[PDB]
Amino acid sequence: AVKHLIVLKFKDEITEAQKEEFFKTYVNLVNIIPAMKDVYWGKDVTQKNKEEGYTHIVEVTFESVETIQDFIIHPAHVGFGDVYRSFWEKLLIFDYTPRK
């Protein structure tokens, strides 16, 4: 498996319904992009470094290196980013192969 992980902070003006919209729309990409095997999001409860801002995590899982790239440049994923970038103040992106 391979993973696409994002860590973000919303802009202060974003409403709670709009945060719900953000995650519901992202999660729904599994119904649009065949390459997506699983998707989860979460809100951090620990807040170890409040000064760093980040509050939420989204993790997407794929079968292989081939399918994740198909996801990255899918028009629906690109479109999501181009529109909903307006929602975040800070973003970290990771693409990687889980290992132990």
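Quick note: we count residues from 1 along the sequence shown, nothing fancier.
Greater mean Cα temperature factor according to the PDB record, 31-39 or 50-58
So the stretch with the higher mean C-alpha B-factor is 31-39.
Per the PDB record, is the mean Cα temperature factor higher over 22-30 or over 69-77?
Per the deposited B-factors, the answer is 69-77.
How does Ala17 rank on Cα B-factor within its chain, lowest, middle or highest third?
According to the entry, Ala17 has a C-alpha B-factor in the chain's highest third.
Sorting the chain's modelled residues by C-alpha B-factor, tell me whether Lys3 ends up in the lowest, middle or highest third.
Middle third.
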